[PDB]
Amino acid sequence: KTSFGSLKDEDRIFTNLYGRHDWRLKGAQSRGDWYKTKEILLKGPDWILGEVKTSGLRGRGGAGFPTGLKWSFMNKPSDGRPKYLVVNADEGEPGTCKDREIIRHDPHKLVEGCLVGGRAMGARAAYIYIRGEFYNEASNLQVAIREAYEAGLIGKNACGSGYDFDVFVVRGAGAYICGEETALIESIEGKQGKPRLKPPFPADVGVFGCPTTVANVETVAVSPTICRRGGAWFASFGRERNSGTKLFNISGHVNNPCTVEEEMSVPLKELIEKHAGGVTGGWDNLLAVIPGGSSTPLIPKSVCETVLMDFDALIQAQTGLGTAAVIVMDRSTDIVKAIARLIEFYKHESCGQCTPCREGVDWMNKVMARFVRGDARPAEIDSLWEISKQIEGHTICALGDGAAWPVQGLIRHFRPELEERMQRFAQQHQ
Amino acid sequence: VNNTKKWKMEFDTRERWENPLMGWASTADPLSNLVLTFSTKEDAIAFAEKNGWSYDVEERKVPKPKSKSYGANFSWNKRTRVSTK
Amino acid sequence: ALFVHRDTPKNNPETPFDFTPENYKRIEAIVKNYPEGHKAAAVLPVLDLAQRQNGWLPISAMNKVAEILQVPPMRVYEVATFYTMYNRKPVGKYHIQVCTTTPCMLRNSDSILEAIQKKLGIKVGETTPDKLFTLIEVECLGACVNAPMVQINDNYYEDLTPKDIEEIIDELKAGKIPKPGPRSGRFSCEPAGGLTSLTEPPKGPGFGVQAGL
Ligand SMILES: NC(=O)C1=CN([C@@H]2O[C@H](COP(=O)(O)OP(=O)(O)OC[C@H]3O[C@@H](n4cnc5c(N)ncnc54)[C@H](O)[C@@H]3O)[C@@H](O)[C@H]2O)C=CC1
Ligand SMILES: Cc1cc2nc3c(=O)[nH]c(=O)nc-3n(C[C@H](O)[C@H](O)[C@H](O)COP(=O)(O)O)c2cc1C
Ligand code: SF4
Ligand code: FES
């Protein structure tokens, strides 16, 4: 297959994405959830890990690490400590609102994903670290978890399989850094959401010091559908090493901002013009697209014409796939103001632990606040570039990377607009 | 730790008193500022014995090797968990 | 906006705070979610519970959470100053949180911030004199396709216009509760000009299930 997109409704994993059907247990079982879950649990951890490895599922959180290879890090005998699946439901990325839709509208799909994934990794329980701002979504998920306990689907003898498995929901308290997996682990442990240094990876030392896999809501909730439909079904979509379906959040300057499930390697132009109603003012009104939420560098209209929305084609477009959160910016956008607001986000959402982010993200925000007004000189552009390169790769977690990358994308694609901003400041203020 | 690499020979500190005019530190010890540098202990001992100086030798105190593990900050059942970070 | 505490007569370690007994049963349920020997893991919910009982956190809720969980009080102060939901000052009864990050700023959240400011007569960070509304300006609330949106105490109010948020503030002042959803024609997150997807009925249990299962 060479062309991708135009995903059929029979191949959707997240049916009832839009809240048009019953999210509760009767509606979930009438859509295929909790079907033959006992037969999945009784085929063992190795079969489930083989299905997830065969499916080509990569991490839907945004880095795209191979999910079966990641979950097989727990496939090892116990050493006295319990094992834990932890579901990352924080979702603090600007642009990204898909895990809210999974929790709010398909909650039993997430609970069955917790059960299947925790059986695959031998986990004792699931801690769903949900964002504290998602209060109605958290109570929604708790009603579904009560329905799953009262039906015997989780808990003591989950689905009649002889495997005991709890599902806990921990609410956040307003920190974007608490979606980073080790900072999330520290937030569950009752501390400041500061990321741990890796190694130890959480499969060695995770939550409470136990073996732990932190996995996104989307990569957890697709796993029962992967175990039922088969890994060869899920690997039949998208390009190679880019398998499956993906939730896309097209927001910003489109006619119809929406969340939509779509095949993996869909063109960005096809996605925007088909599901979002196109850019406001036509496709010729397009200035830039942040392809995968705030941490990915922007790409201009010349790149957006032919680019595919998977991991590898956006890496070749020197950006990232990320959370697949498409932020569309038309020609009327002050793009320096938008990227500087994004850097303002990253200094308000920075836990202050390590020196390059704690100091340099604030210093990049001050430089970007002067670049919006033009109150600068062009030698400070490359300077800012070097400042971003002194944050990238030198920090504890990738929030420093995710703050350096929008600066780098803005400089790389819009240096002349920065320069004409500064020179018109210089000619009307001197 | 770069100032802990070489051996030093100093002498016993003698009397420092107050200058009556200015309050300055007056001394009558010529050897009060004499600090000699040696690569080994035996070179310093040979130099002190060669010059008739009665000496006392303190052995080099190296810091013993520590067992450092960042994962020990987050143990399951040990007291070495950090309460904050 | 400060991260030190100074004792005031309305915020001091002798300010009266104590949980209700139903809140103690809720705290016992929270503590039972975590392994034995890791009761400190209940710092973030229980302290948030202390914010749901009181509306905000004086430094007796922090000290009570430190006392009943047997954690040092500094380790509760770290949590209360780290996380942006813990109100360490008394906020109004309706805590309006306007998202002004880039996906909401592109869809004109500044017009709604200005509409709330000229409706309530306050600015960002201030509280109305009848203690009903606190207007602050927050980061991405995770409702980006429903931009522009606000949050009022638990609830998202989405796809807003200035007229819609004026209507929401009017029925908050009138004692009623508004409906937490998009104020445009759509329901949650679908395309506004009709469904571009999921128009077929869902297939049901057993569809596409592979052999050997
Ligand atoms: N979904 C969201 O709301 C957000 C997502 N992101 C995304 O997060 C990504 C960066 O996240 P990180 O987890 O910090 O980076 P990533 O490099 O480390 O790692 C992703 C996952 O792979 C695992 N992993 C990677 N290398 C490993 C190894 N050698 N051994 C064992 N496990 C290994 C990690 O434990 C982690 O769970 C970015 O691509 C960004 O797009 C960023 C912000 C918000
Ligand atoms: C600053 C920062 C914030 C993150 N926030 C989230 C998040 O909110 N939700 C999420 O699923 N992943 C988030 N991630 C990515 C996680 O670290 C981790 O890769 C992911 O949650 C679990 O891996 P997975 O993609 O295989 O599911 C964040 C990463 C960083 C650096
Ligand atoms: S880079 Fe920033 S977000 Fe990460 S540990 Fe350091 S201060 Fe925290
Ligand atoms: S940008 Fe305002 S909700 Fe995400």
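As a convention, Cβ positions derive from the backbone with ideal geometry for all residues, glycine included, and neighbour counts pool all protein chains shown. The values are calculated or read from the model by the stated rules, or taken from the named source; nothing here is a laboratory result.
Key figures
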read-out: Qualifying residue in the range A:319-331 (condition: within 11 Å of another protein chain (Cβ to nearest Cβ), within 16 Å of ligand 2 (Cβ to nearest atom), of a type outside the set (G, A, S) and in contact with a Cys (Cβ under 6 Å, 6 or more places away or on another chain)); value: no
read-out: Selection status of A:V367, within 14 Å of chain C (Cβ to nearest Cβ) and either of a type in the set (A, V, I, L, M, F, W, C) or touching a helix residue (DSSP H, G or I) at 6+ places or on another chain (Cβ under 8 Å) (or both); value: no
read-out: Considering residues of the range A:365-383 that are over 30 Å from A:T280 (Cβ atoms) and free of Cβ contacts under 8 Å to residues at least 40 places away in the same chain only, the residue farthest from ligand 1 (Cβ to nearest atom); value: A:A379
read-out: Spans of strands (runs of 3 or more DSSP E) in the range A:58-175 with at least 3 residues surrounded by fewer than 24 Cβ atoms within 10 Å (Cβ to Cβ) and within 14 Å of chain C (Cβ to nearest Cβ); value: A:166-171
read-out: Looking only at the range C:87-114, and only at residues there that are under 17 Å from the mean Cα position of the chain (by Cα) and within 11 Å of another protein chain (Cβ to nearest Cβ), the one that is farthest from ligand 4 (Cβ to nearest atom); value: C:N87
read-out: Given (1) part of a helix (DSSP H, G or I); (2) crowded, with 24+ Cβ neighbours inside 10 Å, number of the condition A:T323 does not satisfy; value: (1)
read-out: Flag for A:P267 being within 14 Å of chain C (Cβ to nearest Cβ) and in contact with a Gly (Cβ under 9 Å, 6 or more places away or on another chain); value: no
read-out: Among the candidates C:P191, C:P129, residue that is touching a strand residue (DSSP E or B) at 6+ places or on another chain (Cβ under 6 Å) and more than 24 Å from C:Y83 (Cα to Cα); value: C:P191
read-out: All positions within the range A:351-364 that are more than 16 Å from ligand 1 (Cβ to nearest atom) and within 13 Å of chain C (Cβ to nearest Cβ); value: A:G352
read-out: Positions within the range C:167-190 being under 19 Å from C:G142 (Cβ atoms) and surrounded by 19 or more Cβ atoms within 10 Å (Cβ to Cβ), in sequence order; value: C:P182, C:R183, C:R186, C:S188, C:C189, C:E190
read-out: Filter result for C:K39 (surrounded by fewer than 17 Cβ atoms within 10 Å (Cβ to Cβ), of a type outside the set (D, E) and either touching an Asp or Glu at 6+ places or on another chain (Cβ under 8 Å) or at negative phi (or both)); value: no
read-out: Residues being assigned to a loop (DSSP other than H, G, I, E, B) and free of Cβ contacts under 8 Å to residues at least 24 places away in the same chain - total across the range C:8-58; value: 8
read-out: Wholly enclosed helices (runs of 4 or more DSSP H) of the range A:181-236 bearing at least 2 residues within 16 Å of ligand 3 (Cβ to nearest atom); value: A:181-188
read-out: Residue list for the range C:144-166, filter: crowded, with 23+ Cβ neighbours inside 10 Å and within 14 Å of chain A (Cβ to nearest Cβ); value: C:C144, C:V145, C:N146, C:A147, C:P148, C:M149, C:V150, C:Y156, C:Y157, C:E158, C:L160
read-out: Selection count, the range C:24-62, where residues are more than 21 Å from A:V169 (Cβ to Cβ) and at the interface with chain A (Cβ under 9 Å from one of its Cβ atoms); value: 1
read-out: Those residues of the range A:178-198 which are within 9 Å of chain C (Cβ to nearest Cβ) and either away from ligand 1 (no atom under 16 Å from the Cβ) or not polar (S, T, N, Q) (or both), in sequence order; value: A:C178, A:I188, A:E189, A:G190, A:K191, A:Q192, A:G193, A:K194
read-out: Checking C:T199 against (1) touching a helix residue (DSSP H, G or I) at 6+ places or on another chain (Cβ under 9 Å); (2) in a loop (DSSP other than H, G, I, E, B); (3) more than 10 Å from chain A (Cβ to nearest Cβ), the condition it does not meet; value: (3)
read-out: Answer from C:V124, C:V145 - the residue that is within 16 Å of ligand 1 (Cβ to nearest atom) and either part of a loop (DSSP other than H, G, I, E, B) or assigned by CATH to the domain that holds C:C104 (or both); value: C:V145
read-out: Condition check for A:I381: touching a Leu at 6+ places or on another chain (Cβ under 7 Å), assigned to a helix (DSSP H, G or I) and surrounded by 22 or more Cβ atoms within 10 Å (Cβ to Cβ); value: no
read-out: Residues of the range C:171-194 classified as of a type outside the set (D, E) and more than 7 Å from chain A (Cβ to nearest Cβ), total; value: 15
read-out: Residue ID - farthest from ligand 2 (Cβ to nearest atom), chosen from residues in the range A:388-412 that are aliphatic (A, V, I, L, M), more than 18 Å from the chain's Cα centre (by Cα) and within 14 Å of chain C (Cβ to nearest Cβ); value: A:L410
read-out: Strands (runs of 3 or more DSSP E) completely within the range A:239-291 that count 2 or more residues being in contact with a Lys or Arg (Cβ under 6 Å, 6 or more places away or on another chain) and of a type in the set (S, T, Y); value: none
read-out: Within the range A:254-269, tally of residues that are crowded, with 24+ Cβ neighbours inside 10 Å and within 16 Å of A:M329 (Cβ to Cβ); value: 3
read-out: Boolean, A:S332 is among the hydroxyl-bearing types (S, T, Y) and away from ligand 1 (no atom under 15 Å from the Cβ); value: yes
read-out: Residues being on the phi > 0 side of the Ramachandran plot and touching a residue at least 12 places away in the same chain (Cβ under 8 Å) - total across the range A:49-108; value: 5
read-out: Tally of residues being of a type in the set (S, T, Y) and within 16 Å of ligand 3 (Cβ to nearest atom) across the range A:362-395; value: 2
read-out: Answer from A:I272, A:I290, A:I315, A:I299 - the residue that is of a type in the set (A, V, I, L, M, F, W, C), within 16 Å of ligand 1 (Cβ to nearest atom) and within 12 Å of chain C (Cβ to nearest Cβ); value: A:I290
read-out: Enumeration of residues in the range A:1-40 that are surrounded by fewer than 17 Cβ atoms within 10 Å (Cβ to Cβ), at the interface with chain C (Cβ under 8 Å from one of its Cβ atoms) and in a helix (DSSP H, G or I); value: A:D9, A:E10, A:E39
